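These protein sequence lines are chains A and B, in that order. Each position in the first sequence, counted from 1, maps to that position plus 248 in the entry's author numbering. By the entry's author numbering, the letter at position 76 of the second sequence is numbered 74, and the numbering carries on one by one without gaps. For each residue, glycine too, the CB sits at the ideal point set by N, CA and C. Encoded as structure tokens, the structure appears first; notes follow it.
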Amino acid sequence: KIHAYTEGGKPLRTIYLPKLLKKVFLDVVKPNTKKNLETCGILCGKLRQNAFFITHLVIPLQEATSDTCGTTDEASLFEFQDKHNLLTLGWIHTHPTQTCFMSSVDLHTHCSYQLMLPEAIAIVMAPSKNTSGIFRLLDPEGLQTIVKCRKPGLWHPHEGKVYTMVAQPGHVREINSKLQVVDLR
Amino acid sequence: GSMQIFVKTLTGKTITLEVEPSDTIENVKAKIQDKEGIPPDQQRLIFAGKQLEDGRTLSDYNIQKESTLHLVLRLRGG
Ligand SMILES: [Zn+2]
Ligand SMILES: [Zn+2]
């Protein structure tokens, strides 16, 4: 009934996102957001009849500071997804104090997810601003920009528009569905 | 290289590489950056439940023809 396309005309399969996930994620990582610490997680799920369903929010082993967060033991993350046949459909993280945008680090991180899965999304929570966003890189121009990029330094800039908010509801559609939250910390 | 191995992702993809037993894990990542556009430091490779260290080789881990490795991306947030 409704189809979304990339900038280059490639069709994106739909990802069904449980309406609950954003709220439960903030709740699960609230201890860190109080301590001014960023947190991340993985959106996992399944492919059914040409559509993706996010079924699991997975909080991986990770280290964080006030402006960064990163995984540390990806092997256990792997073991969980493989054992349960979970596809990686994107990721989520908090900006405890900042605005709702994709930083230079977010873009380089996400480029790799979107390369492995054209529909992959990045959810950004800015709870101190009560905003949130769901983003992807422009396909193909933004992917190509970040893939070619070799600039040093954490916070370096990029030439041109590199990312955008995902199409709703064609690419991502929030629905009332079940969710499992898996905390591996 | 002189044998073929497979790198299966958590996204339904399967990468195929030609490699040497004496290729380092770091070499295998470089071949993946070449073929898929993923920087090596974002990659973690896993075989038989163990995660592979950049400086060791496929022979160190007993990885032979048509073996399957598993790729899990790191997450770095800002
Ligand atoms: Zn860059
Ligand atoms: Zn961020």
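Exercise. Return the bridge partner residues of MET350(A) from the DSSP annotation.
Key: BP columns for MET350(A) are empty, so no partner.
Quiz item: Out of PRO259(A), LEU334(A), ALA299(A), which has the shortest C-alpha to C-alpha gap to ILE290(A)?
Solution: Of the listed residues, the one whose Cα sits closest to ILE290(A) is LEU334(A).
Self-check item: heavy atom of ligand 2 below 7 Å from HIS341(A) C-beta
Solution: Flag set: Cβ of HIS341(A) near ligand 2.
Quiz item: Using the C-alpha atoms, what's the distance from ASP39(B) back to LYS396(A)?
Solution: A straight line joining the alpha-carbon of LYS396(A) with that of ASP39(B) spans about 15 Å.
Quiz item: Going straight from the alpha carbon of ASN424(A) to that of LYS331(A), what length do you get?
Solution: Straight-line Cα distance between these residues: approximately 26 Å.
Quiz item: Within 7 Å: the Cβ of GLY318(A) and any heavy atom of ligand 2?
Solution: Answer for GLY318(A): no, Cβ out of range of ligand 2.
Quiz item: What's the gap between the Cα of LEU363(A) and the Cα of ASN284(A)?
Solution: Taking the straight line from one Cα to the other gives about 31 Å.
Quiz item: Under 8 Å between the Cβ atoms of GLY76(B) and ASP354(A)?
Solution: Cβ atoms of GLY76(B) and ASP354(A): closer than 8 Å.
Practice problem: Return yes when the C-beta of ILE36(B) is under 7 Å from any heavy atom of ligand 1, and no when it is not. | Solution: Proximity of the beta carbon of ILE36(B) to ligand 1 is not indicated: no heavy atom of the ligand is located closer than 7 Å.
Quiz item: Quick one: is the Cβ of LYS399(A) within less than 7 Å of any heavy atom of ligand 4?
Solution: The ligand content of the structure shown is limited to ligand 1 and ligand 2, which means ligand 4 is not among them.
Practice problem: Could you give the DSSP three-state label for residue 77(B): helix, strand or coil? | Solution: In the structure displayed, chain B extends from -1 to 76; residue 77(B) sits before or after that span and is not available.
Quiz prompt | Endpoints, beta strand (DSSP E) assigned at residue 439(A) | solution = Residue 439(A) lies beyond the residue range present for chain A, which begins at 249 and ends at 433; the question has no answer from this structure.
Practice problem: Under 8 Å between beta-carbons, which chain B residues line up against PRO308(A)? List them in chain order, please. | Solution: Ordered by position in chain B, the residues that pass the 8 Å Cβ test against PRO308(A) are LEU73.
Quiz prompt | Reference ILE369(A), options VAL410(A), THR342(A), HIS419(A), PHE328(A), closest by Cα | solution = Per the Cα distances, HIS419(A).
Practice problem: Out of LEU309(A), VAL414(A), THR320(A), point me to the one whose CA is closest to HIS251(A)'s CA. | Solution: The candidate whose alpha carbon is nearest that of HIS251(A) is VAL414(A).
Quiz item: When burial is assigned at 16 or more other CB atoms within 10 Å of the CB, is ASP387(A) buried or exposed?
Solution: It counts as buried.
Quiz prompt | Length of the line joining the Cα atoms of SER0(B) and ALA323(A) | solution = Roughly 28 Å separates the two Cα atoms.
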